[PDB]
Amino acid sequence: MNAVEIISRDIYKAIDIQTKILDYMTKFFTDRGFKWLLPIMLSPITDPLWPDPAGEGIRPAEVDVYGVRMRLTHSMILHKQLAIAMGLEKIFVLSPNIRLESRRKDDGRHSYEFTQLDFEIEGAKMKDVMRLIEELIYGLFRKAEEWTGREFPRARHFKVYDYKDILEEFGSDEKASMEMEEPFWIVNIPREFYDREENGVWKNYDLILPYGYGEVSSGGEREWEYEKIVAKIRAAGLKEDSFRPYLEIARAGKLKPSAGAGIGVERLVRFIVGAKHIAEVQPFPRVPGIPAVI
């Protein structure tokens, strides 16, 4: 698809819906006393996105900034924790992410650029955040019925599956998605160092959409203790130097217990519009493995 073909697509309704979704979600958080932060795109530190069952172990793209190697934002997870450490209590941000995954990840819900609504809560536990996301989704699905005139999932009860039980019953998260008619949770997933692990139990959670639409939100309680964090980094084969300033703050004892999640905005627009491929809801597609012409 050349440049003219890209801008000749019809996208009005999707953008109409996206506008209503953004209005709804931003107000959801400000109404609850969340502070609205602005994103950062370049930093010496960023989400490693590894280890992770849902990743390929890609390294973030880098750019020289005044002679210093900066990483482009994989996710603002580390900066969220730092905002909690500055005492901002409850924060969210509409955060663009850059994740240069291969053609293999071009499954209809992945995009190499996209936005999470990314939020974090000092002192929160996994059950608090899951309950919060459930309330957000329920409210959204009820509004969406008014906007579209179509029926959406009842959204009051979300079943919880342990990761290992997902592997046992369906084989993978994608296949579970294809089999459900209601959104559901997957919990206890071994991944990045920042998610809290206690006695071999990971205090994290992915919200999965039904009808094969796949993951739409992921989060967890966080590690905040330097010793615990460093061990996990070293064990995964990541370099401590890659996280130097974060680890300094960890060492100073300035990280606080917290929990949060990110919600993929375009993935929600896709679900509500009912689009087969997420590119259909983006004015300027960013398809994995395909460098955008515009």
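When you see a residue number, it is the position in the sequence shown, counting from 1. We call the rigid core the largest set of C-alpha positions that still match within 1.5 Å between the two forms.
Visitor: After a rigid core fit, does 153 to 161 or 111 to 119 show more C-alpha displacement in 5 other deposited structures of this protein?
Guide: Comparing 111 to 119 with 153 to 161, the one that moves more in 5 other deposited structures of this protein is 153 to 161.
Visitor: Find out whether the coordinates of residue 240 are absent in at least a third of the other compared PDB entries of the same protein.
Guide: No.
Visitor: Among the other entries that model both neighbours of residue 67, does it go unmodelled in a third or more?
Guide: Result for residue 67: never missing in the compared entries.
Visitor: Of the two stretches 1 to 9 and 285 to 293, which shows the higher Cα B-factor on average in the entry?
Guide: Per the PDB entry, the higher value belongs to 1 to 9.
Visitor: Once you work out the mean C-alpha B-factor for both 111 to 119 and 124 to 132 from the entry, which is higher?
Guide: The recorded data point to 124 to 132.
Visitor: For the C-alpha B-factor as written in the entry, point me to the maximum among 266, 227, 47, 31.
Guide: Each of 266, 227, 47, 31 was compared by C-alpha B-factor; the highest is 227.
Visitor: Hey, out of 71, 196, 175, 79, whose CA B-factor is highest in the deposited coordinates?
Guide: Highest C-alpha B-factor among the listed options: 175.
Visitor: Test of reading the entry: by CA B factor among the chain's modelled residues, which third contains residue 171?
Guide: It falls in the top third of the chain.
Visitor: For residue 148, return the chain-relative third of its C-alpha B-factor as stated in the PDB record: lowest, middle or highest.
Guide: Ranked within chain, residue 148 CA B lands in the highest tercile.
Visitor: Please rank the C-alpha B-factors of the chain's modelled residues and tell me whether residue 43 sits in the lowest, middle or highest third.
Guide: Residue 43: CA B-factor falls in the lowest third of its chain.
Visitor: Ranked by Cα temperature factor within the chain, is residue 277 in the lowest third, the middle third or the highest third?
Guide: As the PDB entry reports it, the C-alpha B-factor of residue 277 lands in the middle third of its chain.
Visitor: By the recorded C-alpha temperature factor, relative to the other modelled residues in its chain, which third is residue 155 in?
Guide: According to the entry, residue 155 has a C-alpha B-factor in the chain's highest third.
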